[PDB]
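As structure tokens, the next two blocks hold two forms of the same chain, structure 1 and structure 2.
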Structure 1
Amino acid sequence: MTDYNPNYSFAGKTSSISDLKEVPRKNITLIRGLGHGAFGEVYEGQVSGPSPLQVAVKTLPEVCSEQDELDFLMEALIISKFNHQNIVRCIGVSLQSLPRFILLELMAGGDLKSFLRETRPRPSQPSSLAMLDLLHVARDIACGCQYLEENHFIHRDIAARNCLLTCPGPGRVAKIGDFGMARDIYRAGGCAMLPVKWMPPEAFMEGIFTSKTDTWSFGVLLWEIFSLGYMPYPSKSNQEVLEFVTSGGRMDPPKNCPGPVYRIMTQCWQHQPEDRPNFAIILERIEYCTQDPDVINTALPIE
């Protein structure tokens, strides 16, 4: 990490490893493993100087290559330089002890896909979620995407699995947490691991990426949200989706999805990038849906 010592640039400023805030290892205590390993080897932790700071701790297995090490460092740099409420904060790092740690804002609600799946309405918990909850999650992530767009950062992998919630209950805030794809790109894995079902046509055809490619992905995220955590294009394979979407195919509305919300999805999925909304427009249309009583009084389906 010191032998290659990569620099990272965001918003015109250049940073290096030496700019990360090193937290002494003795101040860090691991409490428990977290989640099913979506975001990697992640633990709930405590940082103290009492009233200790609660954190997520991402670890780097010591049995990783020197390039995994570099990926890890770059991931830390990227997330440390963001400054927005809908992007997970980086508390600091602990790189001078092994295994290496990145310290992250603790998102007690877990990842958005799992949350949607586990908090689906069911006969026992009839009103676990409401349409307004979903629109608020959508707004939250759109707000983070707008921040990235304004700072000319293309995320390349906007998807529910890469978003997290602060807490499970009312008052939850959704945030973008994973930046691995953008990391891999900034440092450039294989064809079968690409997020095909979240990618626009010109991503395949020409490999051209812009903020309008995040707009497309956000449309798919909206479908994930309002379907309550379903896999996009259910029962289609990656190559089937690639051929479907290229030929103009689009997903049907999620069950009970209000028309005004589905129309945001279809606008996000315009074949021509220039016909897709930027995230300021997406935010406007989400807000409009939020104001519409017929939208927010639509009942979600029961599982």
Structure 2
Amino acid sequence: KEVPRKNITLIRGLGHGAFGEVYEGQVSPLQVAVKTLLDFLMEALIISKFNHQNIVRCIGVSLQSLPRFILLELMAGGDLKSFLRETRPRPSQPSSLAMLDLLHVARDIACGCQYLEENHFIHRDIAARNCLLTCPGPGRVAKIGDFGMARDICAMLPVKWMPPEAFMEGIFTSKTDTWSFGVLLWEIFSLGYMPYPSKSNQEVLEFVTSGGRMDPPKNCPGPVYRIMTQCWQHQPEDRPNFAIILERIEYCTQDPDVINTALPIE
């Protein structure tokens, strides 16, 4: 749990996290991500309560010295949104990334979602910016890296990932997680585009509450799009839970017409 800081050497800034900047770091020699700053406690104990292969591991905290640190598993592949964007196939080197790689990422996150659902934990912010990769190449494993707004129970709410009952009522349940997962899937299969690409948050609210949903990402196979559309059913009771989602993802991985489908080139 507590790590003095005598052992903690920072190495490089990684970018700006939820509360602050995150560093690649070491401990002794464990390479780690050092996340910085109730909430302090909320974030910390939460991710540390879990034990699952598709959730980032917590190594410890450094709390008696300031700034305050949570030390997490270092995910050498960075975040999923950046990965998909920098690995889009191009005209210059067009990439190794294929449909099956996309389905594996999807499968890894759902398996982490399914662990949460089974433990009655509501994420509240399933989105590609919160997903990390063990490494950039084949055999990469995707993990959930940050937990949502159990730091809660705002143009700051991630409306584009939220179902109606969540944005209009403040109702969050596993089925509101299912909705967000559908949107992630869209993010995955569009290769990192912003959801509802040409719309504002206010437009989206209006769009979605009256039944509007996103078109398939370009070249998205029908069976994958169908998972999204099922995740976006208006009534939460009609949404699939994560064991169904994973079952469906897994059929996708077994259908050649899905996995042989080529990614669009940029």
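By rigid core we mean the largest C-alpha set that fits within 1.5 Å across both forms. Every residue number counts along structure 1's sequence, beginning with 1.
- The residue that stands out in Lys255, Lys26, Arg263, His36 is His36, the single one whose Cα moves by 2 angstroms or more between structures 1 and 2 on a rigid core fit.
- Positional change of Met231 between structures 1 and 2 stays under 2 Å at the C-alpha, relative to the superposed core.
- Once both forms are fitted on their core, the CA shift for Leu132 between structures 1 and 2 remains under 2 Å.
- Here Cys167 does not count as shifted, since its C-alpha moves by less than 2 Å between structures 1 and 2 after the core is aligned.
- Note on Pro123: its Cα is shifted 1.8 Å between structures 1 and 2, core used for superposition.
- On a core-based overlay, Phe204 has a Cα shift of 2.5 Å between structures 1 and 2.
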